[PDB]
Structure formats: structure tokens, C-alpha cells
Ligand SMILES: *[C@@H]1O[C@H](CO)[C@@H](O[C@@H]2O[C@H](CO)[C@@H](O)[C@H](O)[C@H]2NC(C)=O)[C@H](O)[C@H]1NC(C)=O
Ligand SMILES: *[C@@H]1O[C@H](CO)[C@@H](O[C@@H]2O[C@H](CO)[C@@H](O)[C@H](O)[C@H]2NC(C)=O)[C@H](O)[C@H]1NC(C)=O
Ligand SMILES: *[C@@H]1O[C@H](CO)[C@@H](O[C@@H]2O[C@H](CO)[C@@H](O)[C@H](O)[C@H]2NC(C)=O)[C@H](O)[C@H]1NC(C)=O
Ligand SMILES: *[C@@H]1O[C@H](CO)[C@@H](O[C@@H]2O[C@H](CO)[C@@H](O)[C@H](O)[C@H]2NC(C)=O)[C@H](O)[C@H]1NC(C)=O
Ligand SMILES: *[C@@H]1O[C@H](CO)[C@@H](O[C@@H]2O[C@H](CO)[C@@H](O)[C@H](O)[C@H]2NC(C)=O)[C@H](O)[C@H]1NC(C)=O
Ligand SMILES: *[C@@H]1O[C@H](CO)[C@@H](O[C@@H]2O[C@H](CO)[C@@H](O)[C@H](O)[C@H]2NC(C)=O)[C@H](O)[C@H]1NC(C)=O
Ligand SMILES: *[C@@H]1O[C@H](CO)[C@@H](O)[C@H](O)[C@H]1NC(C)=O
């Protein structure tokens, strides 16, 4: 197969579109099924029902807990020149 | 408990530091264009006048390696300092109070946060509110009554098909439109979308 | 630094593992670039579409929404912006996201904020007529919503005129995109001077490898090769360090852009 990123062998190009597993480039990437290569899909697709006298109001709720991880430090090291 | 690879940032910081030290140490075994990578032998194999040349080669190579290592360390330290500043701000704003800036800590309406320690970092648990189970309604921006226009003090007008109510915006809870949750401003001949209805007042029935 | 010569490679081999580090650094930079773009733009989960019929209370977004007529599916302003701004062992790798995908993200974000408001940034997109979304937004700065419902046409006209004015300012006035041009120029200059550095003797007798290799005795030819090698290594290391500094600065800018997108597009600040 020939792509804008180069030449790819060992995999077959399909016409579907899923999420991206192993990013290859130029908007295409590959995954395992055999190995296949395809074009990325940015996500789902919906057309919200806009109108000038219609609204939507929630009736229930959920409480979600999520995690976030941040590094704040690293190991303190020192070097002796003349011994090194 | 089961899923791994959730701590990539701390792990790869550790890996980068370890790899830097490993390559710095392993660089000690390079000739750099000299006759050997061991100093004692070249000291003990030939006279000084060329030994100085060989030591000069070794010295310049090792100095270059050390300078490269230190410069990389400085870059990485600057990045880590930026991350630590961000962590301090998040601790001060999302743990010690309720934050209003959207998506700063958690996706959804922020409620609170809790900190936990990690070997070289911090973990925030963000507790947030997420609405669900929607429902469509017909809406209008104002209500005509006696020629006057009424707007909601707080909330929004909705109708299930036959009657009109006011609700708070983020949670469906209808109430009867009254002169206590609405206010008046001018006659209704200019607003685009006014609808005819009635507004009940709680004083007239009481008086009778 | 060797240009397809066995002797140069053999002499370089005894310099330890230097260029492996350089390749690692460059690879890290490229991966960071892709992550930057992803963090800024992929703020949404779905891809929203604007409805075929467009009655936004008199407001007019025709200049900003994409048009199917053009093949790039870009907007008028985006076309103006794209028109305004414009091998020796080195390669340029294509970005992961092509321009159409980025345009698609921007279109999705903008349609979502026209139709739903800030709701689509927290949960599921909830429709709301545009006039009362504007009333809500007035209510959030200290002005009663009353006002907006009595000055709607005037407000719509002011917004339309402002859009037209900004379009004309971009179309006619140039030099409004200095920052992007500066980034491009800096990168091009750095690469050009790195390439041009190949034509320096650095103290040897010639700046071409073949002549020194094929003119005189190897015993001192190795000394000349060492001169060339050390000069070219210094040049390459300087280039890499400059690239690292610039990458850090760009990453700071991208973080700021991500915060601004989150806080001023998906909400009211
Ligand atoms: C609220 O009602 C409107 C009006 O019907 C819904 O919009 C369409 O509803 C029909 C069913 O009556 C669906 O088949 C269409 O798919 C809807 N339009 C679109 C663009 O999807 C709207 O979906 C209703 N809201 C909810 C939450 O169900
Ligand atoms: C809001 O959602 C909750 C679930 O998150 C609903 O509670 C569930 O109700 C069903 C039927 O009564 C039970 O079988 C579940 O066990 C309940 N879940 C929990 C966690 O208690 C709740 O009913 C919803 N609100 C409304 C008004 O329907
Ligand atoms: C809209 O809501 C109103 C208020 O709840 C409904 O009117 C009442 O509905 C109940 C339940 O059917 C009846 O017992 C009452 O007699 C109704 N009238 C009053 C004055 O309370 C109305 O039915 C709802 N309509 C729809 C289409 O949902
Ligand atoms: C909501 O939009 C609809 C359609 O865009 C409007 O319906 C039109 O209203 C005008 C003036 O009221 C009439 O001249 C047209 O004949 C109507 N067309 C249709 C297809 O209904 C409606 O008025 C709008 N409502 C509000 C409150 O703005
Ligand atoms: C709401 O009520 C007003 C007044 O009760 C209505 O306005 C009248 O409409 C009739 C017929 O359209 C006209 O002959 C009158 O001149 C109007 N004014 C008055 C003071 O009666 C109006 O039509 C009603 N409906 C709406 C949607 O506004
Ligand atoms: C929104 O604004 C655009 C401004 O470009 C309007 O497009 C113009 O419409 C007039 C009226 O037909 C034409 O004479 C111009 O040639 C149009 N300009 C362009 C660039 O196409 C558009 O009509 C406005 N939207 C609405 C609904 O009127
Ligand atoms: C995929 O689509 C192209 C055109 O979109 C078509 O020519 C081709 O036959 C299809 N199938 C495969 C396997 O490429």
C-alpha cells in the first residue's frame, strides 16, 4: 500500500473508520484483527434538534469521581568532577 | 487494583532520570580518539610527552559528556517546576474551596476534591455533578398579562403542552407562575416570542 | 556528519553513543507536537451538525460556518487566514491530524456552542433558543435579561457589523499574523544555517570529504577527518539544544491555548 506517509507493507487497507490504535500518520492508522490500516474517525455523529421554541431540561443526576495525577519532584543527585 | 499503566507520568519521569544516569556512566568506556579508554594503562605504557595528549583527549570528551548531562537536567527541572506550580494552584483552588472555572478540575460542575500522596507526585480525586435523563419542552421568553410583560426572577418558563410553569435551569421542578417569582417591565408589544397566559397573585384570595 | 563514507563511520564509532541521544530528543519533540494539537482541539466527544434551517434570532454566522461548495469545507475567515500566511540526511514528518480533521473539530465545537450553550461541555448537549441563551449570558455580567429582549434587533445588527468589520480588516490589512510567521521563519532559518554549516573547513584543508579522503595518505587523513567530525558534532548539538528550548516555549503557549479554549469557549469567564 502507498500512503502520504510512505509505503506500507504487511497490512491491508479497508474502507471502514474506527478509533485510532497505532498512529501511522497523515490521518491514517492501523490495528489488529491480521493487521489492517484505515482512516481515523473523529467520533460519533449527531444533529441536535435545534428550534426556536424548544428546550431540554435534566430530570436526574449522577455524581462522578475522577482522578488526576501530577508529578511534583525528582531525585536530587550530585556529581564529583575530579573523581569522575 | 487491577488495571496498570495509569501512572505513566511518574513512571516515565523515573525512567528518564535513570536512563540519563546510565548513559552518563556508560560513556566512560569510549576512546574519544585516544589509544585506550583506561587511564592507568596509557599512563603505564608510554612516556609523558604523549600521555599528556591522550589525557587531553579523554578529558575533553568527558567534559563534553558532563556538560550535555547537566544541560539536559536543567531543561527537565524547568519542566518539573512548571508542573509543580500547576499542582500548587490546583491544591489551593480545588481543595480549599469550590472552583467556578470550567473543566479546571473535573469534567462537570465541580463539587470538591481530595488529595493523596504518590512517590514523586500528587493525586487529586475530583467529585463532580453530572446531569442526566433529559426531557424536551416548549418554551417562551416572557408572559403577557393585562398588557404587561413578565420575566422570571430566576428560572425559565416551560410548558408540558397545556399549562405553563417556571423551573430552575439545571433540575426539572415545576412551580405555578406567581407574582413572587416574576417581575414586570413595560407592556408586551416589543418582545419577540411573548405568549398569552395568566399570572396568579397570592394576596387577593387571602384578602377575601 | 559522514555522508556515506566507510572511513568516517569507522572513525565516528569510537565516539560512544552520541547521535542516539540526538535522535531520541528529536523523537520526543515530535511526539510532543502531536500531543499539543490533540490537547488543544479534541475537546469534544461527538461531532455536532448545524440544522439546515438557520434562524438564530437575527444573528448571522454565515461567515464562520463552513460551506459545502469548497472542497476543504473551510469557512470564509479560515480561507482568508490560510491565504494570508504562506535533502541532506534530514526529513520532515507529516502531522498526525490533517487539516480537514482540524476544521471538523472547529466546526463541531462552534455548532455545539451555537445550539446548546455551555451545557454540552459538562454533560449531553441540550438545545436552547439562541435569544434566551444570550439573555442568560447578559444575566451573568450584572444586567437583567429584560434589557436584551427590548434591544434585540439593535444587538443583532451590532454583532453583524462587527463580524463584517473584522473580516474586512483581515482581508485588507496584512501583518496581523506575526506570531505564526515568526515561528515558521525561526524554524526555517535554523534549518538553513545548519545545512550551510556543512561548507566549513573547521581547521582542516578542505570542506569536502571526498577530496581529503582521495588526495593524501590515510595516516593524517584521519586527523583531518577528526577535525571535520568534531566541528559537525558541535553544530548538530547546538541545533538540538535550540530546538529543545523552542519546543518548551511552544508547549507553554499550547497549554495556555487549551485553557482558553476550555474556559472561554465552553463557558462564560
Ligand atoms: C423532543 O421533541 C423533538 C420533536 O419531536 C425531538 O426531535 C425529533 O423527535 C423525533 C421523535 O418525535 C425523532 O425521531 C427525531 O430524531 C428528533 N430530531 C432529531 C434531530 O433527532 C427531540 O428528539 C425530543 N427530545 C428528546 C430528548 O427526545
Ligand atoms: C435517578 O437515577 C437513579 C440511579 O442513578 C435512580 O435510582 C434507581 O432507581 C431504580 C428504580 O427505583 C432502582 O432499581 C435502582 O437501584 C436505583 N439506583 C440507586 C443507585 O439507588 C433514580 O430512580 C432516578 N431518579 C428518578 C426520579 O427516577
Ligand atoms: C401538564 O401538567 C399539568 C399539571 O400537572 C397537568 O394538569 C393536571 O394533570 C393531573 C394529572 O393528569 C390531573 O389530575 C389534573 O386534573 C390536571 N389539571 C390540574 C389543574 O391539575 C396536565 O395534565 C399535564 N399535561 C400533559 C400533557 O402532561
Ligand atoms: C419560530 O420559527 C418559526 C419558523 O422559523 C416561526 O414561524 C414563522 O413565523 C413567522 C412570523 O411569526 C410567519 O410569518 C411564518 O409564516 C412562520 N413560518 C412557519 C413555518 O411557522 C415562528 O414564528 C418562530 N417563533 C418565535 C417565537 O420566534
Ligand atoms: C393575546 O391577547 C391579546 C389581547 O387579548 C390579543 O391581541 C388581540 O388580538 C385580536 C385578534 O388577533 C385583535 O383584534 C386585537 O386588536 C388584539 N389586541 C387586543 C388588545 O385585543 C392576541 O391576539 C392574543 N394572542 C397572542 C398570541 O398574542
Ligand atoms: C448573512 O450575511 C451574509 C453576508 O455575506 C449574507 O450574504 C449576502 O446576502 C445578500 C442578500 O442576498 C447578497 O446580496 C450577498 O451577495 C451575500 N453575500 C455573500 C458573501 O454571499 C446573508 O444573506 C446573511 N444571512 C441572511 C439569512 O440574510
Ligand atoms: C473502498 O472505496 C473505494 C472508493 O471509495 C472503492 O473504489 C473500493 O472498491 C472500496 N473497497 C476497497 C476494498 O477499497
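So for chain B, numbering is Swiss-Prot's, and the shown residues are 939-1146, in order.
According to its header, this structure was worked out by electron microscopy, 2.8 Å.
Heads up, the Cβ atoms here are built off N, Cα and C, so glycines get one too.
Database features (Swiss-Prot):
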| type | residues | note |
| --- | --- | --- |
| DISULFID | B:1032-B:1043 | disulfide bond |
| CARBOHYD | B:1074 | N-linked glycosylation site |
| DISULFID | B:1082-B:1126 | disulfide bond |
| CARBOHYD | B:1098 | N-linked glycosylation site |
| CARBOHYD | B:1134 | N-linked glycosylation site |
Between the Cα atoms of residue B:1043 (disulfide bond) and residue B:1074 (N-linked glycosylation site), what distance do you get, rounded to the nearest Å?
30
Inter-residue Cα distance where the pair is residue B:1074 (N-linked glycosylation site) and residue B:1082 (disulfide bond), in Å:
23
Based on DSSP, name the secondary structure state of residue B:1126 (disulfide bond): helix, strand or coil.
coil
Subset of recorded positions B:1032, B:1082, B:1098 within reach of chain A (CB-CB under 8 A):
none
From the recorded positions listed here (B:1032, B:1043, B:1074, B:1082, B:1098, B:1134), select those whose CB sits under 6 A from an atom of ligand 3.
B:1098
Intrachain C-beta neighbours of residue B:1134 (N-linked glycosylation site), sequence separation six or more, cut-off 8 angstroms:
B:1081, B:1082
Can you grab the distance from residue B:1098 (N-linked glycosylation site) over to residue B:1126 (disulfide bond)? Cα atoms, rounded to a whole Å.
23
Got a sec? Which of B:1032, B:1043, B:1074, B:1098, B:1134, the recorded positions, have CB under 6 Å of any ligand 2 atom?
none
10 Å Cβ neighbour count around residue B:1098 (N-linked glycosylation site)?
11
Running a distance check here. Ligand 5 versus the recorded positions B:1032, B:1098, B:1126, B:1134: which have CB less than 6 Å from one of its atoms?
B:1134
What Cα-Cα separation, expressed in whole Å, is found between residue B:1126 (disulfide bond) and residue B:1074 (N-linked glycosylation site)?
26
Is any of B:1032, B:1043, B:1074, B:1082, B:1134 (recorded positions) within Cβ reach of ligand 1, i.e. under 6 A, and which?
B:1074
